[PDB]
């Protein structure tokens, strides 16, 4: 076990949509049995950290602490607090995202906010986009929670946060600061959470462009499970290959 810590993706890796992935569950159990420090890191902001925990326990037999569920939302609020601009903001996204933003020191300002935070909003519409545009044009710090252009639902690959964010980008001509995988911002705060050296850490995911590249671009060993986005047929043909590749997490052990 050259790896002391584990950064784990959720959708497509530990489970698939509303479906189970028994192996992924067993994998988490081993990590728990074996006393190994792990951290779940997801880009999805439409579900709060505590809501994840709930889902995991009631749907995928995983009983995990709250501190082990790192969402792109946490990394975004951390970032905002780090930058320290005045605490005014305009948000496009789901209630959870907004609830936390204001739960921190940020009050909503529709005209001249210091920050404009954009995440996936299942009910985004024109008015919200126009409000966001004007705010960003007037100089607000444009933040995109996660780059994902698509989000898999039990309905297909619908528009993800990235697409909504891109619309505001080409409408304000202002490039946003992406928080989620595979950006350094969330990964730094994640490596910091486990407080372990990237050398002895490994990121596990099903998506090359987000999970895998999250390690490559940030110097962190990677494990790719072709149970989700990146299909096995394409494992050979990727830019920088993943440290380890596997068709199922049941092919991983001690050393």
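Positions refer to the first chain, counted from 1.
The stretch with the higher mean CA B factor, choosing between 42-50 and 200-208, is 200-208. When 116-124 is weighed against 103-111, 103-111 comes out higher, by mean CA B-factor as recorded in the entry. The PDB entry gives the largest Cα B-factor of the residues 218, 68, 59, 26 to 218.
Placement of the Cα temperature factor of residue 237 within the chain: highest third of the modelled residues, per the deposited record.
In this PDB entry, residue 80 carries a Cα temperature factor that places it within the middle third of its chain's modelled residues. Sort the modelled residues of the chain by CA B factor and residue 21 lands in the lowest third. Per-chain ranking of the deposited C-alpha B factor places residue 10 in the middle third. In this PDB entry, the Cα temperature factor of residue 169 sits in the middle third of its chain's modelled residues.
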